[PDB]
Amino acid sequence: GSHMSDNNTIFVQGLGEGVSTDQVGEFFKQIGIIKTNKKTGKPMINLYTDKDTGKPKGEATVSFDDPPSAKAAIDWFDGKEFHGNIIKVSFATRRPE
């Protein structure tokens with residue numbers, strides 16, 4: 001585990017085909033508090049879906065309040081499926097540009 005940067009982001013996979021709306025943030029609220037990220041000052045919603053192919057990419061990132069809670073969510077809160085499609089949680093990429 002340990003300390004990995006001052007960047008709070010988690011990367012989530014498999015949130016695409018048959019997915020529900022911005023409600024995914026409430027899914028993560030079932031284990032935690034919704035954090036306002038200091039990088040832009042917005043609440044945690046990032047929905048990545050390419051409409052250029054017409055079907056969703058399946059990618060989303062959300063910002064948690066504690067960094068150790070992100071690692072713990074990879075252990076118990078991941079390892080299953082969301083809506084029948086395989087989900088994966090990561091620490092994402094650091095340095096918001």
# chains A, B, ... in the order shown; residues from 1 in each chain; ligands from 1
>>> select_by_dssp(residues="region 6-87 of chain A", states="strand (DSSP E or B)", output="PyMOL selection string")
chain A and resi 10-13+36+43+46-48+59-62+81-82+85-86
>>> write_last_selection(atoms="N, CA, C and O atoms", output="mmCIF file, in the first residue's frame")
data_model
loop_
_atom_site.group_PDB
_atom_site.id
_atom_site.type_symbol
_atom_site.label_atom_id
_atom_site.label_comp_id
_atom_site.auth_asym_id
_atom_site.auth_seq_id
_atom_site.Cartn_x
_atom_site.Cartn_y
_atom_site.Cartn_z
ATOM 1 N N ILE A 10 -9.449 7.317 -8.671
ATOM 2 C CA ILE A 10 -9.473 5.879 -8.953
ATOM 3 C C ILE A 10 -9.973 5.636 -10.374
ATOM 4 O O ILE A 10 -10.871 6.345 -10.852
ATOM 5 N N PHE A 11 -9.379 4.648 -11.039
ATOM 6 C CA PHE A 11 -9.756 4.281 -12.402
ATOM 7 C C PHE A 11 -10.654 3.069 -12.334
ATOM 8 O O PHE A 11 -10.344 2.097 -11.657
ATOM 9 N N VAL A 12 -11.772 3.137 -13.015
ATOM 10 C CA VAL A 12 -12.737 2.060 -12.997
ATOM 11 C C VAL A 12 -13.004 1.586 -14.430
ATOM 12 O O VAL A 12 -13.078 2.393 -15.362
ATOM 13 N N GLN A 13 -13.158 0.277 -14.587
ATOM 14 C CA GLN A 13 -13.339 -0.352 -15.881
ATOM 15 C C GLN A 13 -14.580 -1.210 -15.881
ATOM 16 O O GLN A 13 -14.971 -1.732 -14.836
ATOM 17 N N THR A 36 -15.065 16.527 -3.121
ATOM 18 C CA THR A 36 -14.784 17.561 -4.095
ATOM 19 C C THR A 36 -13.265 17.639 -4.296
ATOM 20 O O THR A 36 -12.513 17.891 -3.345
ATOM 21 N N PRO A 43 -17.131 18.041 -8.043
ATOM 22 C CA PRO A 43 -17.468 16.721 -7.453
ATOM 23 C C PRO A 43 -17.085 15.554 -8.374
ATOM 24 O O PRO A 43 -16.943 15.737 -9.591
ATOM 25 N N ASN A 46 -16.501 11.351 -13.569
ATOM 26 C CA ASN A 46 -15.902 11.354 -14.909
ATOM 27 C C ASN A 46 -16.432 10.180 -15.713
ATOM 28 O O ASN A 46 -16.192 9.038 -15.339
ATOM 29 N N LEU A 47 -17.148 10.449 -16.799
ATOM 30 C CA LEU A 47 -17.697 9.377 -17.632
ATOM 31 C C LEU A 47 -17.050 9.393 -19.019
ATOM 32 O O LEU A 47 -17.272 10.314 -19.808
ATOM 33 N N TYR A 48 -16.246 8.370 -19.310
ATOM 34 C CA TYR A 48 -15.576 8.264 -20.608
ATOM 35 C C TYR A 48 -16.295 7.245 -21.485
ATOM 36 O O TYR A 48 -16.265 6.015 -21.216
ATOM 37 N N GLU A 59 -15.287 3.311 -19.484
ATOM 38 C CA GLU A 59 -14.300 3.853 -18.569
ATOM 39 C C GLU A 59 -14.921 4.966 -17.744
ATOM 40 O O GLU A 59 -15.749 5.727 -18.240
ATOM 41 N N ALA A 60 -14.557 5.014 -16.469
ATOM 42 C CA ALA A 60 -14.990 6.085 -15.574
ATOM 43 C C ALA A 60 -13.966 6.280 -14.470
ATOM 44 O O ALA A 60 -13.350 5.321 -14.036
ATOM 45 N N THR A 61 -13.750 7.517 -14.025
ATOM 46 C CA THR A 61 -12.886 7.754 -12.874
ATOM 47 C C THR A 61 -13.616 8.609 -11.842
ATOM 48 O O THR A 61 -14.366 9.523 -12.211
ATOM 49 N N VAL A 62 -13.437 8.286 -10.556
ATOM 50 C CA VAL A 62 -14.059 9.057 -9.466
ATOM 51 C C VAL A 62 -13.025 9.335 -8.339
ATOM 52 O O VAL A 62 -12.107 8.550 -8.114
ATOM 53 N N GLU A 81 -18.411 -8.243 -10.528
ATOM 54 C CA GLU A 81 -18.906 -7.618 -11.740
ATOM 55 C C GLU A 81 -19.987 -6.575 -11.427
ATOM 56 O O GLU A 81 -20.726 -6.677 -10.440
ATOM 57 N N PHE A 82 -20.047 -5.568 -12.284
ATOM 58 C CA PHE A 82 -21.041 -4.499 -12.229
ATOM 59 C C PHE A 82 -21.938 -4.618 -13.459
ATOM 60 O O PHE A 82 -21.465 -4.483 -14.589
ATOM 61 N N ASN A 85 -21.016 -7.214 -16.128
ATOM 62 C CA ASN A 85 -19.787 -6.944 -16.862
ATOM 63 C C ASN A 85 -18.649 -6.734 -15.863
ATOM 64 O O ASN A 85 -18.853 -6.113 -14.821
ATOM 65 N N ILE A 86 -17.450 -7.231 -16.193
ATOM 66 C CA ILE A 86 -16.331 -7.293 -15.237
ATOM 67 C C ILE A 86 -15.799 -5.888 -14.899
ATOM 68 O O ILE A 86 -15.530 -5.078 -15.788
#
>>> residues_around(residues="region 67-72 of chain A", least_positions_apart="5", cutoff="8 Å", atoms="only C-alpha atoms", output="ChimeraX atom specification")
/A:1-3,8,10,77,90-91
>>> write_last_selection(atoms="N, CA and C atoms", output="CSV table (one decimal), in the first residue's frame")
chain,number,residue,atom,x,y,z
A,1,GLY,N,0.8,-1.2,0.0
A,1,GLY,CA,0.0,0.0,0.0
A,1,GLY,C,0.9,1.2,0.0
A,2,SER,N,0.9,1.9,1.2
A,2,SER,CA,1.8,3.1,1.4
A,2,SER,C,1.3,4.3,0.7
A,3,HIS,N,2.1,5.4,0.7
A,3,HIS,CA,1.7,6.7,0.2
A,3,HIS,C,2.1,6.8,-1.3
A,8,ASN,N,-5.7,12.2,-5.6
A,8,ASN,CA,-6.8,11.2,-5.4
A,8,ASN,C,-7.6,11.1,-6.7
A,10,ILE,N,-9.4,7.3,-8.7
A,10,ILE,CA,-9.5,5.9,-9.0
A,10,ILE,C,-10.0,5.6,-10.4
A,77,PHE,N,-14.0,-4.3,-2.6
A,77,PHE,CA,-15.1,-3.6,-3.4
A,77,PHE,C,-15.0,-4.0,-4.9
A,90,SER,N,-8.5,0.7,-10.0
A,90,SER,CA,-7.1,1.1,-9.9
A,90,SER,C,-6.9,2.4,-9.3
A,91,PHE,N,-5.6,2.8,-9.1
A,91,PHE,CA,-5.2,4.1,-8.6
A,91,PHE,C,-5.1,5.2,-9.7
>>> residues_around(residues="residue 83 (chain A)", least_positions_apart="4", cutoff="10 Å", atoms="only C-alpha atoms", output="ChimeraX atom specification")
/A:14-20,87
>>> select_by_dssp(residues="chain A", states="helix (DSSP H, G or I)", output="list in words")
residues 24, 25, 26, 27, 28, 29, 68, 69, 70, 71, 72, 73, 74, 75, 76 and 77 of chain A
>>> write_last_selection(atoms="C-alpha atoms", output="compact mmCIF listing (two decimals), in the first residue's frame")
# COMPACT_ATOMS: atom_id res chain seq x y z
CA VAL A 24 -22.21 5.46 -10.46
CA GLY A 25 -20.98 8.12 -7.97
CA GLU A 26 -23.75 7.00 -5.54
CA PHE A 27 -22.50 3.40 -6.06
CA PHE A 28 -19.12 4.50 -4.69
CA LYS A 29 -20.91 6.61 -1.96
CA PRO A 68 -5.73 4.43 1.68
CA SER A 69 -9.50 3.85 1.18
CA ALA A 70 -8.82 3.62 -2.60
CA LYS A 71 -6.48 0.60 -2.11
CA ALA A 72 -8.95 -1.07 0.27
CA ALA A 73 -11.71 -0.67 -2.35
CA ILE A 74 -9.49 -2.52 -4.86
CA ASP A 75 -9.32 -5.47 -2.37
CA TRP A 76 -12.98 -5.98 -1.17
CA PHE A 77 -15.09 -3.63 -3.39
>>> decode(residues="region 36-80 of chain A", atoms="N, CA and C atoms", output="PDB file, in the first residue's frame")
ATOM      1  N   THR A  36     -15.065  16.527  -3.121  1.00  0.00           N
ATOM      2  CA  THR A  36     -14.784  17.561  -4.095  1.00  0.00           C
ATOM      3  C   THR A  36     -13.265  17.639  -4.296  1.00  0.00           C
ATOM      4  N   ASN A  37     -12.820  17.366  -5.524  1.00  0.00           N
ATOM      5  CA  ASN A  37     -11.392  17.341  -5.854  1.00  0.00           C
ATOM      6  C   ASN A  37     -10.837  18.764  -5.947  1.00  0.00           C
ATOM      7  N   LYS A  38      -9.644  18.982  -5.403  1.00  0.00           N
ATOM      8  CA  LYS A  38      -9.055  20.327  -5.340  1.00  0.00           C
ATOM      9  C   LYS A  38      -8.410  20.771  -6.655  1.00  0.00           C
ATOM     10  N   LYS A  39      -8.267  19.844  -7.608  1.00  0.00           N
ATOM     11  CA  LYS A  39      -7.595  20.134  -8.878  1.00  0.00           C
ATOM     12  C   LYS A  39      -8.407  21.103  -9.765  1.00  0.00           C
ATOM     13  N   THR A  40      -9.724  20.917  -9.819  1.00  0.00           N
ATOM     14  CA  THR A  40     -10.598  21.832 -10.545  1.00  0.00           C
ATOM     15  C   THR A  40     -11.721  22.366  -9.634  1.00  0.00           C
ATOM     16  N   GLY A  41     -11.969  21.662  -8.523  1.00  0.00           N
ATOM     17  CA  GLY A  41     -12.994  22.062  -7.568  1.00  0.00           C
ATOM     18  C   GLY A  41     -14.368  21.478  -7.881  1.00  0.00           C
ATOM     19  N   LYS A  42     -14.403  20.443  -8.729  1.00  0.00           N
ATOM     20  CA  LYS A  42     -15.651  19.757  -9.078  1.00  0.00           C
ATOM     21  C   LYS A  42     -15.853  18.470  -8.255  1.00  0.00           C
ATOM     22  N   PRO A  43     -17.131  18.041  -8.043  1.00  0.00           N
ATOM     23  CA  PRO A  43     -17.468  16.721  -7.453  1.00  0.00           C
ATOM     24  C   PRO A  43     -17.085  15.554  -8.374  1.00  0.00           C
ATOM     25  N   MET A  44     -16.872  14.368  -7.791  1.00  0.00           N
ATOM     26  CA  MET A  44     -16.391  13.216  -8.553  1.00  0.00           C
ATOM     27  C   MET A  44     -17.460  12.611  -9.490  1.00  0.00           C
ATOM     28  N   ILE A  45     -17.370  13.012 -10.760  1.00  0.00           N
ATOM     29  CA  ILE A  45     -18.024  12.349 -11.891  1.00  0.00           C
ATOM     30  C   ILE A  45     -17.069  12.453 -13.088  1.00  0.00           C
ATOM     31  N   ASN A  46     -16.501  11.351 -13.569  1.00  0.00           N
ATOM     32  CA  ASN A  46     -15.902  11.354 -14.909  1.00  0.00           C
ATOM     33  C   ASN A  46     -16.432  10.180 -15.713  1.00  0.00           C
ATOM     34  N   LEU A  47     -17.148  10.449 -16.799  1.00  0.00           N
ATOM     35  CA  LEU A  47     -17.697   9.377 -17.632  1.00  0.00           C
ATOM     36  C   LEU A  47     -17.050   9.393 -19.019  1.00  0.00           C
ATOM     37  N   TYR A  48     -16.246   8.370 -19.310  1.00  0.00           N
ATOM     38  CA  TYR A  48     -15.576   8.264 -20.608  1.00  0.00           C
ATOM     39  C   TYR A  48     -16.295   7.245 -21.485  1.00  0.00           C
ATOM     40  N   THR A  49     -16.918   7.773 -22.547  1.00  0.00           N
ATOM     41  CA  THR A  49     -17.690   6.988 -23.502  1.00  0.00           C
ATOM     42  C   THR A  49     -17.497   7.553 -24.917  1.00  0.00           C
ATOM     43  N   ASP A  50     -16.986   6.754 -25.856  1.00  0.00           N
ATOM     44  CA  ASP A  50     -16.829   7.236 -27.232  1.00  0.00           C
ATOM     45  C   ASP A  50     -18.097   7.003 -28.069  1.00  0.00           C
ATOM     46  N   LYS A  51     -18.722   8.104 -28.439  1.00  0.00           N
ATOM     47  CA  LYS A  51     -19.912   8.109 -29.295  1.00  0.00           C
ATOM     48  C   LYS A  51     -19.539   8.064 -30.782  1.00  0.00           C
ATOM     49  N   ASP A  52     -18.233   8.187 -31.067  1.00  0.00           N
ATOM     50  CA  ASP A  52     -17.698   8.123 -32.435  1.00  0.00           C
ATOM     51  C   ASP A  52     -17.798   6.704 -33.008  1.00  0.00           C
ATOM     52  N   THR A  53     -17.735   5.696 -32.128  1.00  0.00           N
ATOM     53  CA  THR A  53     -18.049   4.319 -32.513  1.00  0.00           C
ATOM     54  C   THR A  53     -19.539   4.050 -32.274  1.00  0.00           C
ATOM     55  N   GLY A  54     -20.094   4.751 -31.281  1.00  0.00           N
ATOM     56  CA  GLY A  54     -21.516   4.687 -30.988  1.00  0.00           C
ATOM     57  C   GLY A  54     -21.816   3.915 -29.722  1.00  0.00           C
ATOM     58  N   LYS A  55     -20.856   3.100 -29.302  1.00  0.00           N
ATOM     59  CA  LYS A  55     -20.987   2.309 -28.094  1.00  0.00           C
ATOM     60  C   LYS A  55     -19.993   2.787 -27.037  1.00  0.00           C
ATOM     61  N   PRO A  56     -20.407   2.809 -25.741  1.00  0.00           N
ATOM     62  CA  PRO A  56     -19.564   3.290 -24.630  1.00  0.00           C
ATOM     63  C   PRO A  56     -18.232   2.547 -24.459  1.00  0.00           C
ATOM     64  N   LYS A  57     -17.192   3.330 -24.146  1.00  0.00           N
ATOM     65  CA  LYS A  57     -15.832   2.825 -23.910  1.00  0.00           C
ATOM     66  C   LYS A  57     -15.758   1.913 -22.688  1.00  0.00           C
ATOM     67  N   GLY A  58     -16.537   2.257 -21.668  1.00  0.00           N
ATOM     68  CA  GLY A  58     -16.566   1.483 -20.450  1.00  0.00           C
ATOM     69  C   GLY A  58     -15.626   2.022 -19.405  1.00  0.00           C
ATOM     70  N   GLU A  59     -15.287   3.311 -19.484  1.00  0.00           N
ATOM     71  CA  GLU A  59     -14.300   3.853 -18.569  1.00  0.00           C
ATOM     72  C   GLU A  59     -14.921   4.966 -17.744  1.00  0.00           C
ATOM     73  N   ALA A  60     -14.557   5.014 -16.469  1.00  0.00           N
ATOM     74  CA  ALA A  60     -14.990   6.085 -15.574  1.00  0.00           C
ATOM     75  C   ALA A  60     -13.966   6.280 -14.470  1.00  0.00           C
ATOM     76  N   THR A  61     -13.750   7.517 -14.025  1.00  0.00           N
ATOM     77  CA  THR A  61     -12.886   7.754 -12.874  1.00  0.00           C
ATOM     78  C   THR A  61     -13.616   8.609 -11.842  1.00  0.00           C
ATOM     79  N   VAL A  62     -13.437   8.286 -10.556  1.00  0.00           N
ATOM     80  CA  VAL A  62     -14.059   9.057  -9.466  1.00  0.00           C
ATOM     81  C   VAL A  62     -13.025   9.335  -8.339  1.00  0.00           C
ATOM     82  N   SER A  63     -13.155  10.488  -7.685  1.00  0.00           N
ATOM     83  CA  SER A  63     -12.211  10.956  -6.657  1.00  0.00           C
ATOM     84  C   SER A  63     -12.711  10.671  -5.221  1.00  0.00           C
ATOM     85  N   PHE A  64     -12.011   9.796  -4.492  1.00  0.00           N
ATOM     86  CA  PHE A  64     -12.320   9.533  -3.074  1.00  0.00           C
ATOM     87  C   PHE A  64     -11.581  10.501  -2.148  1.00  0.00           C
ATOM     88  N   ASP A  65     -12.046  10.596  -0.891  1.00  0.00           N
ATOM     89  CA  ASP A  65     -11.495  11.549   0.079  1.00  0.00           C
ATOM     90  C   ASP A  65     -10.167  11.055   0.644  1.00  0.00           C
ATOM     91  N   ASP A  66     -10.121   9.792   1.062  1.00  0.00           N
ATOM     92  CA  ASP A  66      -8.882   9.214   1.575  1.00  0.00           C
ATOM     93  C   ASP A  66      -8.164   8.435   0.472  1.00  0.00           C
ATOM     94  N   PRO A  67      -6.825   8.614   0.348  1.00  0.00           N
ATOM     95  CA  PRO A  67      -5.991   7.737  -0.488  1.00  0.00           C
ATOM     96  C   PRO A  67      -5.888   6.243  -0.040  1.00  0.00           C
ATOM     97  N   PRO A  68      -5.767   5.857   1.290  1.00  0.00           N
ATOM     98  CA  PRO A  68      -5.732   4.426   1.681  1.00  0.00           C
ATOM     99  C   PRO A  68      -7.042   3.673   1.405  1.00  0.00           C
ATOM    100  N   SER A  69      -8.171   4.399   1.463  1.00  0.00           N
ATOM    101  CA  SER A  69      -9.498   3.853   1.175  1.00  0.00           C
ATOM    102  C   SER A  69      -9.644   3.383  -0.285  1.00  0.00           C
ATOM    103  N   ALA A  70      -8.868   4.002  -1.190  1.00  0.00           N
ATOM    104  CA  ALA A  70      -8.817   3.617  -2.603  1.00  0.00           C
ATOM    105  C   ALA A  70      -8.235   2.209  -2.790  1.00  0.00           C
ATOM    106  N   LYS A  71      -7.139   1.914  -2.064  1.00  0.00           N
ATOM    107  CA  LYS A  71      -6.476   0.602  -2.109  1.00  0.00           C
ATOM    108  C   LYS A  71      -7.375  -0.496  -1.514  1.00  0.00           C
ATOM    109  N   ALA A  72      -8.049  -0.152  -0.413  1.00  0.00           N
ATOM    110  CA  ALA A  72      -8.948  -1.071   0.273  1.00  0.00           C
ATOM    111  C   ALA A  72     -10.168  -1.419  -0.591  1.00  0.00           C
ATOM    112  N   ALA A  73     -10.616  -0.456  -1.407  1.00  0.00           N
ATOM    113  CA  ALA A  73     -11.712  -0.672  -2.355  1.00  0.00           C
ATOM    114  C   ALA A  73     -11.301  -1.581  -3.510  1.00  0.00           C
ATOM    115  N   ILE A  74     -10.020  -1.564  -3.875  1.00  0.00           N
ATOM    116  CA  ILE A  74      -9.491  -2.519  -4.861  1.00  0.00           C
ATOM    117  C   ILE A  74      -9.530  -3.961  -4.290  1.00  0.00           C
ATOM    118  N   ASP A  75      -9.325  -4.117  -2.968  1.00  0.00           N
ATOM    119  CA  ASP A  75      -9.323  -5.466  -2.365  1.00  0.00           C
ATOM    120  C   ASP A  75     -10.739  -6.078  -2.164  1.00  0.00           C
ATOM    121  N   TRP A  76     -11.624  -5.431  -1.391  1.00  0.00           N
ATOM    122  CA  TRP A  76     -12.981  -5.982  -1.174  1.00  0.00           C
ATOM    123  C   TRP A  76     -14.068  -5.516  -2.162  1.00  0.00           C
ATOM    124  N   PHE A  77     -13.988  -4.264  -2.629  1.00  0.00           N
ATOM    125  CA  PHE A  77     -15.085  -3.632  -3.393  1.00  0.00           C
ATOM    126  C   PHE A  77     -14.960  -3.964  -4.895  1.00  0.00           C
ATOM    127  N   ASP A  78     -13.783  -4.458  -5.275  1.00  0.00           N
ATOM    128  CA  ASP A  78     -13.515  -4.929  -6.628  1.00  0.00           C
ATOM    129  C   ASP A  78     -13.335  -6.460  -6.589  1.00  0.00           C
ATOM    130  N   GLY A  79     -13.166  -7.098  -7.749  1.00  0.00           N
ATOM    131  CA  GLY A  79     -13.063  -8.552  -7.797  1.00  0.00           C
ATOM    132  C   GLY A  79     -14.390  -9.227  -8.108  1.00  0.00           C
ATOM    133  N   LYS A  80     -15.348  -8.435  -8.577  1.00  0.00           N
ATOM    134  CA  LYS A  80     -16.680  -8.926  -8.902  1.00  0.00           C
ATOM    135  C   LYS A  80     -17.102  -8.370 -10.281  1.00  0.00           C
TER     136      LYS A  80
END
